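Reading through the structure tokens given below for one structure.
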Amino acid sequence: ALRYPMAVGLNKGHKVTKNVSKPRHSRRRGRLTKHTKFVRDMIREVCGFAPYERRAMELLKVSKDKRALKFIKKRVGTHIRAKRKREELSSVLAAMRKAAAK
Amino acid sequence: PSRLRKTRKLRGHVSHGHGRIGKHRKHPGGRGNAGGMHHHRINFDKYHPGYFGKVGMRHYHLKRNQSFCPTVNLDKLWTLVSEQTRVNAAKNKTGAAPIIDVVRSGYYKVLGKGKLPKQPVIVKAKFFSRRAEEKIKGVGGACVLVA
Amino acid sequence: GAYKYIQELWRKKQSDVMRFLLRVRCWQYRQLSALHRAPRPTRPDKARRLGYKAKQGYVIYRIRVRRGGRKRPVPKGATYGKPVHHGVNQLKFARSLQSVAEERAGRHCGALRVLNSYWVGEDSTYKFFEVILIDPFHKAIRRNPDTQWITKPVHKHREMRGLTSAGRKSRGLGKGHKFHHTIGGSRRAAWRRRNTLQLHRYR
Amino acid sequence: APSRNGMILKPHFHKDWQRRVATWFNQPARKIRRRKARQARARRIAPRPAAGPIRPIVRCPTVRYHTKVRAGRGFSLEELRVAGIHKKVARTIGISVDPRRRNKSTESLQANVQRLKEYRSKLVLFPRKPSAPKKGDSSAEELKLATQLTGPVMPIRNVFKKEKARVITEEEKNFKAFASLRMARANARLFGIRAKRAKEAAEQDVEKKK
RNA sequence: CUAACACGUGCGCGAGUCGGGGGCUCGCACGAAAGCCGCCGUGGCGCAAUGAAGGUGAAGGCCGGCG
RNA sequence: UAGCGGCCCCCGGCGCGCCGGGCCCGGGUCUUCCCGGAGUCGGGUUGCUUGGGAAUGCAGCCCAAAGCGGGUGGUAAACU
RNA sequence: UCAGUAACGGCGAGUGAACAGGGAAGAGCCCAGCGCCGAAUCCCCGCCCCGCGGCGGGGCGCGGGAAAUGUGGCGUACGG
Ligand SMILES: [Mg+2]
Ligand SMILES: [Mg+2]
Ligand SMILES: [Mg+2]
Ligand SMILES: [Mg+2]
Ligand SMILES: [Mg+2]
Ligand SMILES: [Mg+2]
Ligand SMILES: [Mg+2]
Ligand SMILES: [Mg+2]
Ligand SMILES: [Mg+2]
Ligand SMILES: [Mg+2]
Ligand SMILES: [Mg+2]
Ligand SMILES: [Mg+2]
Ligand SMILES: [Mg+2]
Ligand SMILES: [Mg+2]
Ligand SMILES: [Mg+2]
Ligand SMILES: [Mg+2]
């Protein structure tokens with residue numbers, strides 16, 4: 001039938017072709033570089049872990065996952081950061097277990 | 001001008017048009033809107049009902065530009081275009097109808113109030129009302145939406 | 001280069017290595033006096049980042065500031081007035097301890113100009129900051145085109161006028177909906193612009 | 001105290017407003033000084049446009065004004081690159097350039113490209129050395145007719161396109177615009193909850209089948 | 001005295017009205033005035049109200065065609 | 001006093017020429033590499049401030065980071 | 001101008017911005033880091049030549065020092 005552009009609805013808005021372009025280089029910040037990963041893992045290897053990080057690692061080792069999440073959230077702050085930190089600590093624990101087994 | 005003011009005619013009358021019993025003191029009733037609920041309650045209730053209290057929801061970061069939506073009525077609808085347009089459409093025989101765009105003239109919504117002259121019109125707008133739509137259909141014409 | 005490694009190290013302040021270092025230094029700084037010139041930066045990377053260059057005319061002063069808040073200097077209690085102003089010993093200073101340290105260094109060394117400062121250690125009762133100063137009349141900087149801005153008279157006592165990086169943070173300067181209090185130069189300017197009558201000639 | 005009848009007023013004169021009062025007795029002098037500075041700069045830049053660099057076409061960023069067209073801050077790098085202008089040379093030959101602006105669409109980009117090409121076709125470029133001209137330069141004869149122009153260069157216009165009067169067909173006379181708007185509003189409002197209901201109905205059907 | 005509001009009065013224009021801010025006028029005795037802008041009416045007030053809001057948004061009366 | 005009136009002195013700015021000194025410099029296409037600011041952000045609490053309202057901004061104390069990350073999207077929270 | 005508006009307030013007295021829009025003006029840039037160049041960098045003392053009342057330019061010094069715990073050139077999010 002008739003499909004007139006409208007100011008309301010799912011497809012609201014004046015129609016116009018949208019041109020693709022390379023994203024601005026400023027959006028690239030935070031992307032992990034190979035050399036930076038090398039440096040960060042070297043520094044982690046020489047330094048170690050924070051006391052709260054190792055306490056949370058013990059909690060994950062005894063497999064109290066909810067306790068680990070709650071403790072990390074309290075110790076660090078936001079739930080998103082807590083989830084990311086818990087995932088990285090579980091990855092570290094898995095790597096350590098695999099190395100010990102092999 | 002100070003020439004025409006009441007003060008000039010008031011010189012010599014001790015009192016200055018403010019009474020002898022009750023003088024002209026500083027602030028007999030309190031400053032500003034004081035005593036709105038205590039000793040000016042009668043006046044406030046008699047002349048400004050609904051002054052005290054709360055009602056409705058709070059909208060924090062209000063932006064009037066989102067809600068900007070000027071309106072036009074059908075009696076004014078033919079004034080958007082020139083008279084020569086309307087008369088040419090009137091004495092035209094091919095049945096062609098002129099196109100009136102209210103967004104170009106700065107209106108967003110068309111509301112149907114007035115009587116519409118009997119000739120086809122292509123009204124294109126952003127928002128319409130049911131009565132305006134039915135008026136346009138009855139007079140013969142088309143309603144077109146734009147974004 | 002080695003700097004990146006250093007920086008990633010200093011970010012790991014809870015590691016035992018850095019913790020031991022910080023403990024030892026803090027002990028040394030506490031043993032020393034309240035304000036004294038350090039021979040060289042303790043954080044070469046941080047001094048680099050803030051603007052230090054290892055050339056003649058750049059000096060670094062290490063200073064300590066007593067920790068805590070700010071209690072109201074009133075005789076016993078006696079902050080006479082309405083109860084809303086009765087507070088004495090839970091108030092907080094409007095400027096940071098870093099800014100206080102920079103201003104103390106600038107006041108002591110009136111012939112130099114403060115560039116920036118950084119944190120080097122702390123304890124229960126002290127905070128230790130190293131502050132970079134520049135001698136504006138040394139030829140090594142007066143003949144360098146890109147650093148001779150600091151030799152202009154306009155840049156006298158930046159720490160006292162709140163123009164350094166640490167001092168600026170307390171002024172509430174920013175862009176966006178969070179910083180409407182300082183549209184214009186500052187809070188003073190915004191308040192002035194909002195609190196005058198523009199009595200036009202015609203009205 | 002309130003009189004018989006009237007409006008409740010809230011005059012904002014409870015501060016020391018009389019100390020901060022901005023009288024405008026220097027308004028004509030300010031206008032004269034601004035004028036004098038304007039003509040002084042216009043004389044200073046001898047053949048160059050008095051207004052300044054050309055600027056681009058932009059749309060106002062609001063439902064209230066998105067139908068209008070402004071003069072922007074400066075041309076963006078995508079437009080300069082596709083018009084064949086170097087970002088550093090544009091500023092010194094008279095094109096305002098900013099790098100912040102993006103280009104979501106293509107119509108605006110093409111319009112500004114046309115604007116830049118017209119500006120290149122129209123400008124007269126003086127020799128870098130008055131004795132010997134160069135390749136990227138204008139010949140001598142039209143230099144004698146180079147003059148300052150007043151106002152903005154190629155001023156912005158909001159041009160409206162007429163289409164002629166059309167004849168009605170029955171196809172668009174059966175279009176229920178008001179009903180269409182109402183169902184569009186309803187669909188936009190109920191889209192998500194309908195999706196969730198469809199999802200739970202699907203998982204319930206899967207559970208029943210299994 | 002300034003600002004705000006209300007009402008009454010006088011004048012101009014009138015569904016419109018108003019340059020107050022800016023600009024153009026060889027800046028300058030008066031003149032810091034006066035004139036002009038009209039694709040400088042942005043904008044204000046008015047032309048539409050109602051609802052807390054999502055929103056909606058201002059006549060109809062007679063004959064022929066299936067009382 | 002008016003006057004694109006006169007005379008004298010001094011300083012400047014703009015152009016022209018000479019000597020000496022520095023400078024060897026750009027654009028497009030393809031291939032390969034590289035790219036970021038920490039006791040800081042952020043969280044809790046306390047106090048002040050703001051029109052900013054389950055905290056606008058600032059500061060003290062405690063906790064304290066990440067790298068497809070981080071900040072913002074004016075009502076607290078999880079998912080997207 | 002938005003606007004005495006959104007909002008705050010014994011929600012009482014009172015307080016109270018911002019975005020968009022039109023104008024005045026209009027100008028953009030530089031480091032650290034990441035890397036590449038025999039530290040390729042800078043300050044000062046002695047002698048010679050120029051003018052020196054805003055102490056500079058050129059040359060000669062197996063003259064001194066700073067600086068590798070990092071000076072200079074390329075280079076900074078618009079990518080290089
Ligand atoms: Mg009497
Ligand atoms: Mg009385
Ligand atoms: Mg009595
Ligand atoms: Mg009185
Ligand atoms: Mg204070
Ligand atoms: Mg902060
Ligand atoms: Mg009375
Ligand atoms: Mg009255
Ligand atoms: Mg307060
Ligand atoms: Mg929300
Ligand atoms: Mg109003
Ligand atoms: Mg009450
Ligand atoms: Mg206040
Ligand atoms: Mg604005
Ligand atoms: Mg302009
Ligand atoms: Mg370097």
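Residue numbering restarts at 1 for every chain of the structure tokens, chains are lettered A, B, ... in their displayed order, and ligands are numbered from 1 as they appear.
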
Report as a PDB file with C-alpha atoms (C1' of nucleotides), in the first residue's frame which protein, DNA and RNA residues come within 9 Å of ligand 6, using only C-alpha atoms (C1' of nucleotides) and all ligand atoms.
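Ended up saving to pocket_34.pdb:
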```
ATOM      1  CA  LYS C 169      40.846  19.916  40.273  1.00  0.00           C
ATOM      2  CA  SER C 170      39.376  21.790  43.239  1.00  0.00           C
TER       3      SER C 170
ATOM      4  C1'   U F  40      44.420   7.937  39.247  1.00  0.00           C
ATOM      5  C1'   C F  41      39.471   6.303  37.810  1.00  0.00           C
ATOM      6  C1'   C F  58      34.797  19.696  45.963  1.00  0.00           C
TER       7        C F  58
END
```

Point to revise | Interface residues on chain F facing chain D, 12 Å, only C-alpha atoms (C1' of nucleotides), written as a PyMOL selection string | key: chain F and resi 14+26-28

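Considering the residues E:52, E:47, E:21, E:14 and counting only C-alpha atoms (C1' of nucleotides), chain C has its shortest atom-to-atom contact with E:21.
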
Practice item. Enumerate, as a ChimeraX atom specification, the complete set of residues in region 45-126 of chain C that a backbone-based DSSP assignment places in strand (DSSP E). Key: /C:58-66,113-122,126

Practice item. Could you please extract the residues within 8 Å of ligand 11, counting only C-alpha atoms (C1' of nucleotides) and all ligand atoms, and hand them back as a PyMOL selection string? Key: (chain E and resi 44) or (chain G and resi 3+5)

Point to revise | Test item: residues lying within 12 Å of ligand 1 with only C-alpha atoms (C1' of nucleotides) and all ligand atoms, as a PyMOL selection string | key: chain B and resi 9-20

The selected residues should be written to file as a PDB file, in the first residue's frame (atoms: C-alpha atoms).
```pdb
ATOM      1  CA  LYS B   9      -1.987  67.849  45.071  1.00  0.00           C
ATOM      2  CA  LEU B  10      -1.297  66.300  48.492  1.00  0.00           C
ATOM      3  CA  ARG B  11       1.050  68.991  49.821  1.00  0.00           C
ATOM      4  CA  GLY B  12      -0.294  70.734  52.909  1.00  0.00           C
ATOM      5  CA  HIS B  13      -2.454  67.859  54.171  1.00  0.00           C
ATOM      6  CA  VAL B  14      -0.660  66.447  57.175  1.00  0.00           C
ATOM      7  CA  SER B  15      -1.407  62.742  56.773  1.00  0.00           C
ATOM      8  CA  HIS B  16      -0.478  62.650  53.059  1.00  0.00           C
ATOM      9  CA  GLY B  17      -3.526  60.546  52.236  1.00  0.00           C
ATOM     10  CA  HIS B  18      -2.750  57.733  54.666  1.00  0.00           C
ATOM     11  CA  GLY B  19      -5.036  58.399  57.631  1.00  0.00           C
ATOM     12  CA  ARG B  20      -4.634  59.674  61.171  1.00  0.00           C
TER      13      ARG B  20
END
```

Point to revise | Residues within 10 Å of region 84-90 of chain A, only C-alpha atoms (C1' of nucleotides), excluding chain neighbours under 2 positions, as number ranges by chain | key: A: 53-54, 56-57, 60-61, 65, 68-69, 72-73, 76, 79-82, 92-96; F: 65-66

Given 8 Å and only C-alpha atoms (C1' of nucleotides) and all ligand atoms, residues near ligand 12 as a PDB file with N, CA, C and O atoms (P, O5', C5', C4', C3', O3' and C1' of nucleotides), in the first residue's frame:
```pdb
ATOM      1  P     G G  10      11.860  21.042  52.579  1.00  0.00           P
ATOM      2  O5'   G G  10      11.530  21.433  54.078  1.00  0.00           O
ATOM      3  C5'   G G  10      10.782  22.598  54.382  1.00  0.00           C
ATOM      4  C4'   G G  10      10.153  22.461  55.739  1.00  0.00           C
ATOM      5  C3'   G G  10       8.641  22.415  55.789  1.00  0.00           C
ATOM      6  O3'   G G  10       8.130  21.151  55.411  1.00  0.00           O
ATOM      7  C1'   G G  10       9.487  23.757  57.549  1.00  0.00           C
ATOM      8  P     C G  11       6.761  21.036  54.583  1.00  0.00           P
ATOM      9  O5'   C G  11       6.839  22.214  53.520  1.00  0.00           O
ATOM     10  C5'   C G  11       7.611  22.068  52.336  1.00  0.00           C
ATOM     11  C4'   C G  11       7.031  22.848  51.184  1.00  0.00           C
ATOM     12  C3'   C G  11       5.675  22.362  50.684  1.00  0.00           C
ATOM     13  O3'   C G  11       4.971  23.471  50.131  1.00  0.00           O
ATOM     14  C1'   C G  11       7.255  22.150  48.960  1.00  0.00           C
ATOM     15  P     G G  12       3.494  23.838  50.639  1.00  0.00           P
ATOM     16  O5'   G G  12       3.695  25.172  51.479  1.00  0.00           O
ATOM     17  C5'   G G  12       4.404  26.274  50.939  1.00  0.00           C
ATOM     18  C4'   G G  12       4.697  27.309  51.995  1.00  0.00           C
ATOM     19  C3'   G G  12       5.443  28.546  51.524  1.00  0.00           C
ATOM     20  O3'   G G  12       4.573  29.508  50.960  1.00  0.00           O
ATOM     21  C1'   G G  12       6.421  27.724  53.522  1.00  0.00           C
TER      22        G G  12
END
```
